[PDB]
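First comes the structure, then the notes that go with it.
This is the structure we're talking about:
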């Protein structure tokens, strides 16, 4: 089901559905046909789910096809227009490059704020590990335009130099020579500050989400913990420790939940918070109400008063 | 152009003195472009011909006709249907034989003079075949013939077997019926002239025929060799007698003014399938009423199943124009659905034509305004701008289903700080038109042209390829957006945004309650609205489980007399945004009743355009924020349970006089003291019950389907109100509300108590009750009934005048406020004779 709501944004999704799920076994999708054309739903996961479902199960072929598509987009953009490259096509290749790492949205004052997804191999603050962080300027994107885009620029240059040393007539040789000269002139522009600022302000229209600010932490069943994302939708804790489409921003640096242990510290806490108060039939409603503080809203409307004791566990 | 300027000066300064009246017989020259008719003497005809000839040699647009009158040269108009779309060869031998046959008929008319005479034949040809349709004119301008003789010669020529053969061998499929039998009488185009659309027929070949009466079998026909040496407008003219080549031989006796711009509407106006119009005849004409010359498009549009001037209605005898209705953007919506492919073809052709004219005007350099002009031609029907409050040019974008939503702004304009979709469209889809222009230029490169033409096209191609990558520049695109901020102006979009009260925004689209039933506009529209509700999602008006349980748990849980429906009717018209009744509901009663369900549900199903949380300090504490929160809204409420018995004035005179105010407070009478004048516009109701039903106040209020069903039944009750009793003032009387109202009214609301109780309406009784007598009676009743306090007679008289007794108060010529048709009750006094005090078996939601 997850793949078909992920590519339900495709207008003709039935053809990829029959292409991928009629696969050993399969047996014509076991004769379900999307469970006889199941009804769509609300804003579920997107193509970033299939984007993420590679890169750790078959990373080599996935990396090869993404590099080939990268080179294909850049080759189309340097072949339609002779040698010069400018802001929007660099922005387009950048959006193809990290469409699953950066978003941008307008929040209050008409300005565009960038949100960056973080990875373990990145300088975080304490606990933003799989959550969107707010950047006043996308510093990582500027760095990636300056350094990592130069690899694809050198790939384009190597392809041009390979096409130059081929046996055809001198007119195509002269066309490739002037194409190489103009592309070499336009190659150093990706290191320019004004060019990179233009590329960023052009990609602000490409990384746009427009459902990000107003749906940021409206989901009450999600917690930003130091290990990542804690989901309490299921009966056990989920502890999302990978890429996800849950668009939360705020976090907690100390939660770090490794499920429920039975080590010395949790046993000490269990012996400390109770067994000092004489409770009747294991009376535990007090800390039971001290739970459900991980729920955001839309709950019961009780209030607890604990004005009792001088030097207690108050 | 110089020669056009010269012709303009000749016509206006000099030949104006020869202007003829419409239908004048003296007319010899007609300028169908200026609509002017002239009788030019031979001297001034020649001067005209010199100017027209100079204009012809420079390819200038001319539409001059000469009138043949009763005695002039012969013209033959051939309208050919061809085998193919190839220009027929029409080489000299075929045309030579045509001349001979034409001459045989002239000779057979018996009108030729004796002796030796030259007559010249000229063949002018339609420049191209269009759908197998082709044409030529045969001009014999020098051979001066009677109109009757021309008609006779034309009659004979139609039946000529040799002519039919020649035409057949040229590929003509209508050789029997291609010669216009009115060739003798029609006004004849001057050489170089033609319907501005038609490219002027071109002179291919001319022939000199010599006839000699003494030697009738010798009829030499030879091509004329030095045609270019002569003034061809002059020589080819049927009415000219002062040609150099053509010497007379005397025989015996409008375009709907497109101005190269308005062709777009007539191209997109023919292949709509709106040929039958029961309401659409007014619709299209009010759509294109923005054009002052709309009569010609109206006449062109009507002429397509018959109608006969719509049974001689003639726009209902020239119907005038009114306030601004739907606009030009509707006709592209009236296209693109009946026939989308031809609409897309002509629209892309228009885009390519605009960009090609801008490229060819300024060779390769594309600047901001040309890009903005093509962009405005691209989505003039999707983006608007305005200068709303601070001088900023805010943008509004129309949305379509194939688009990233917000949640439910699906057919309404959304405010955009930057036109992100326009920024995408400038680089992505406009590059397709860039490739179209480059492929057109490269197609023109692969043509057998001369060297300088190829050099000009090569430098144009290199300049355009240099300028093609500029559409991806962020600075250039920012300048293009800033330039298009002037083309995309609307001048009234912000001012008229939510002004329409008969129209609302819903999750499905736009709900129109202008008509008796709900419309639910779920397509393109010209209504300029921005505010929306994200949880209405109007599901028409069904009978499913959710609406059934809503109707079951909504009514028949509160008591009513004869199924009183006033509470839902006043809870209806909250979807009305202005100009409603000035009432104010008092639902102060109950603590565990359906108030927190029903009133908060009316609040919740509706959205930002009205959801009012005015608190007690905003209604009782001593236009900053009083009804600024009610500005442009249609629902207000004051849900309060914090006790705080407070004042019952300083606001409600202007708070009710777009409101539908509902006041919810504690069961006890919190707000109590008000006088008359703003007294009848307050209705009180108390919930009798509080099954308690605690489940419905928590979880099904937030259920989207329950809110959809509740909006559906609110629309149902609005429709019922405008069907049965249009207006809350003349609503069918219900004794519960009025009594509960009077209950509060009597309950310390006002002196009402004495006003109608101690004071009795005894018409017959002619007892005189002075104002001071009423004041003393009020003092005695208050002292013996409620409490002891000193009284001031003046203010009591002022309060008594403003009370309900203004009906019994008369400003007679005696000029007094005494009573004449009422009676009073003293202590232990009762009513006297002649004195008066002052369920369907089916469901409840059906018609009553």
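Protein chains in written order, with the authors' numbering: chain C, 322 to 344, 352 to 642; chain B, 21 to 273, 294 to 344, 352 to 669, 676 to 710, 729 to 761, 775 to 922, 937 to 946. We put the beta carbon where it would ideally sit given N, CA and C, even for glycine.
- Around the beta carbon of residue 945 of chain B, fewer than 16 other beta carbons sit within 10 angstroms, so the residue counts as exposed.
- Residue state for residue 529 of chain C is assigned as helix, using DSSP reduced to three classes.
- Under the three-state reduction of DSSP output, residue 634 of chain C falls in the coil class, being neither helix nor strand.
- Between the alpha carbons of residue 798 of chain B and residue 588 of chain B lies a gap of roughly 10 Å.
- Here residue 655 of chain B carries a coil assignment [DSSP, helix/strand/coil].
- Of all residues in the segment 499-522 of chain B, only 512, 513, 515, 516, 517, 518, 519, 520, 521, 522 come within less than 9 Å of chain C when Cβ atoms are compared, listed by chain position.
- By DSSP's assignment, residue 443 of chain B forms a beta bridge with B:431, B:462.
- Secondary structure at residue 357 of chain B: helix, using DSSP grouped into helix, strand and coil.
- With contact defined as three or more Cβ pairs closer than 8 Å, the segment 881-894 of chain B and the segment 808-823 of chain B are not in contact.
- Residue-level contact check: residue 464 of chain B touches chain C, since one or more beta carbons of chain C fall below 8 Å from its beta carbon.
- Residue 318 of chain B carries a coil assignment under DSSP once its states are collapsed to helix, strand and coil.
- Looking at B:617, B:500, B:25, the one whose alpha-carbon comes closest to that of residue 813 of chain B is B:617.
- When Cβ pairs closer than 8 Å are counted between the two stretches, the segment 415-427 of chain C is seen not to touch the segment 542-562 of chain C, the count staying below three.
- Residue 48 of chain B is positioned such that its CB atom lies closer than 8 Å to that of residue 86 of chain B.
- Residue 626 of chain B is classed as exposed because its beta carbon has fewer than 16 other beta carbons within 10 Å across all chains shown.
- Under the Cβ distance rule, residue 526 of chain C counts among the residues neighbouring chain B, one pair being separated by less than 8 Å.
- Residue 157 of chain B sits buried, since 16 or more C-beta atoms from the chains shown fall within 10 Å of its C-beta.
- Given a length threshold of 4 residues, each whole run of the alpha helix (DSSP H) inside the segment 153-207 of chain B is given here in chain order: 167-178, 181-189.
- Runs of the alpha helix (DSSP H) lying entirely within the segment 95-131 of chain B and spanning at least 4 residues, in chain order: 112-128.
- A Cβ of chain C is located within less than 8 Å of the beta carbon of residue 453 of chain B.
- Nearest to residue 835 of chain B by alpha-carbon distance, out of B:234, B:194, B:882, B:355, is B:882.
- Closest by C-alpha distance to residue 939 of chain B, out of B:787, B:511, B:610, is B:610.
- Interface flag for residue 306 of chain B against chain C is unset, since no Cβ pair is found closer than 8 Å.
- Residues of the segment 429-460 of chain C with a C-beta less than 7 Å from any C-beta of chain B: 434, 438, listed in chain order.
- Between residue 129 of chain B and residue 259 of chain B, the CB-CB gap reaches or exceeds 8 Å.
- In its chain, beyond the 5 residues on either side, 142, 159, 161, 211 have a beta carbon closer than 6 Å to the beta carbon of residue 256 of chain B.
- As computed with DSSP, residue 563 of chain C is found in no beta bridge at all.
- Interface with chain C (8 Å Cβ-Cβ cutoff): residue 467 of chain B is included.
- In the three-state reduction of the DSSP assignment, residue 690 of chain B falls in the strand class, which pools E and B.
- Proximity of residue 656 of chain B to chain C, defined by a Cβ-Cβ separation below 8 Å, is not satisfied.
- With a cutoff of 8 Å on beta-carbon distance, residue 548 of chain C and residue 445 of chain C are scored as not near each other.
- For a Cβ distance threshold of 8 Å, residue set 530, 533 of chain C lies close to residue 470 of chain B, ordered along the chain.
- For residue 415 of chain C, a Cβ of chain B is located within less than 8 Å of the residue's own Cβ.
- Counting the other CB atoms within 10 Å of its CB gives residue 608 of chain B a total below 16, which places it among the exposed residues.
- Secondary structure note for residue 616 of chain C: its alpha helix (DSSP H) is the uninterrupted segment 613-618.
- In the DSSP annotation of this structure, the continuous segment of the alpha helix (DSSP H) that includes residue 596 of chain B starts and ends at 592-601.
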